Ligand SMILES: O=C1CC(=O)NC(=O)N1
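Single chain ahead, by itself, as structure tokens, in the form solved without the ligand.
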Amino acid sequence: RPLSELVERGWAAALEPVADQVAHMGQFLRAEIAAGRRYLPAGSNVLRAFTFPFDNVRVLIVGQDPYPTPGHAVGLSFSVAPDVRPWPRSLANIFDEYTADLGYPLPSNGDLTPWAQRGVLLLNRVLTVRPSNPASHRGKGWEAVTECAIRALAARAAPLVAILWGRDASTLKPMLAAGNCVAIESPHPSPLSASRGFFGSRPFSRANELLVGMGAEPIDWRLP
């Protein structure tokens, strides 16, 4: 299927330079199935981060690659489906920081769809993974896709705040710094860094301060 059928209209335009690379990744994914290998998330969720309006994105949260545990990854970085439990450790850690930073109670489930519908892009640098093998699809060609997404956002006039969780994420810092009105939160601890840099990092309140500072509206981070 062509790009415009896979993603939201603004995203289809922003990602038009990687239309060929997206088609090539679809061929890669068919070949993994033909070879007897599995991948996560489900085919229909791979590009799910780009099915919310491009024009509305004000915060970018970037992880490394999807959860490697079958049934966890749903196409939105760090999220899980509402009936998934226990939460993955990364997500439990994020939620601890959510409560500490903002003062809100613990969420009722692990579904970050509300963030996405409010203009947070929940991006992973690499958009698929082989089950139980983290970083197994690193260097297979998703990087050109996600680099294009990040450069297209950085090219807009509009304010953007980036939150880069981990080493793979943090490679995007110089691509982001190239744009005007782009602020990047540093340093770049992963939620699994836990008490060695992640807890107390205040990502959510910092994002909002930086957005207001740049004249944009803040994010409503509230989860039910």
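In this text, the rigid core denotes the largest set of C-alpha atoms whose superposition between the two forms falls within 1.5 Å. Residues that one form lacks are left out of the comparison. Throughout, we count residues from 1 along the sequence that is shown.
Next on the checklist: Mean CA temperature factor from the deposited coordinates, higher in 175-183 or in 23-31?
Outcome noted: According to the entry, 175-183 carries the higher average C-alpha B-factor.
Next on the checklist: If you average the CA temperature factors as listed in the entry, which stretch comes out higher, 60-68 or 155-163?
Outcome noted: Taking the mean B-factor of the alpha carbons in each, 155-163 is higher.
Checklist entry - For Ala73, does the deposited CA B-factor place it in the lowest, middle or highest third of the chain? => result For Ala73, whose C-alpha B-factor we compare with every modelled residue in the chain, the answer is the middle third.
Next on the checklist: Among the modelled residues of this chain, does the Cα B factor of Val84 put it in the lowest, middle or highest third?
Outcome noted: As the PDB entry reports it, the C-alpha B-factor of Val84 lands in the highest third of its chain.
Checklist entry - In terms of the chain's CA B-factor thirds, is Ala216 lowest, middle or highest? => result Answer is highest: the recorded C-alpha B-factor places it there.
Checklist entry - So where's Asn133 on the chain's Cα temperature factor ranking, which third? => result CA B-factor rank for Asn133: highest third.
Next on the checklist: Test of reading the entry: by CA B factor among the chain's modelled residues, which third contains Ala12?
Outcome noted: Middle third by C-alpha B-factor.
This protein has a second form, the form solved in complex with the ligand, left out of what is shown; the following refers to that one.
Checklist entry - Superimposing the C-alphas around the site, does the ligand, as posed in the deposited complex, end up open here or blocked, where blocked is 3 or more of its atoms within 2.4 Å of backbone or C-beta atoms? => result Judged against the ligand in the deposited complex, the pocket is open.
Checklist entry - Taking 4.5 angstroms as the cut-off for heavy atoms, does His188 touch the ligand in the deposited complex? => result Although the ligand is absent here, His188 would touch it in the deposited complex, with heavy atoms inside 4.5 Å.
Next on the checklist: My question is simply whether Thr128 lines the interface with the ligand in the deposited complex - judged by any non-hydrogen atom within 4.5 Å.
Outcome noted: Because no heavy atom of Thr128 falls inside 4.5 Å of the ligand in the deposited complex, the answer is no.
Checklist entry - Hey, in the deposited complex, does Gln64 get a heavy atom within 4.5 angstroms of the ligand? => result Answer yes; at least one heavy atom of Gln64 falls within 4.5 Å of the ligand in the deposited complex.
Checklist entry - Hey, in the deposited complex, is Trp142 touching the ligand, heavy atoms inside 4.5 Å? => result Residue-level check for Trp142: no, no contact with the ligand.
Checklist entry - Which one of these stretches, 174-182, 52-60, 25-33, 66-74, sits within 4.5 Å of the ligand in the deposited complex when only heavy atoms are counted? => result Partner-contacting stretch among the options: 66-74.
Item to check | Residues of stretch 117-131 in contact with the ligand in the deposited complex (4.5 Å, non-hydrogen atom) | outcome: Result: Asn124 alone.
Next on the checklist: At a threshold of 2 angstroms on the CA positions, core aligned, which residue out of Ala158, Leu47, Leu29, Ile184 shifts between this form and the one not shown?
Outcome noted: Residue with a C-alpha shift of 2 Å or more: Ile184.
Checklist entry - Given a CA distance change of at least 3 Å, are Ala116 and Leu192 closer or farther in the deposited complex? => result Farther apart, which means the C-alphas of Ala116 and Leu192 are at least 3 Å more distant in the deposited complex.
Checklist entry - Did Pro187 and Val74 drift closer or farther in the deposited complex, going by a CA distance change of 3 angstroms or more? => result It is closer: the C-alpha separation of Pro187 and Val74 falls by at least 3 Å in the deposited complex.
Item to check | Superposed on the rigid core, segments between this form and the one not shown of at least 3 residues with Cα shifts of 2 Å or more | outcome: 178-196 is the lone stretch that moves between this form and the one not shown.
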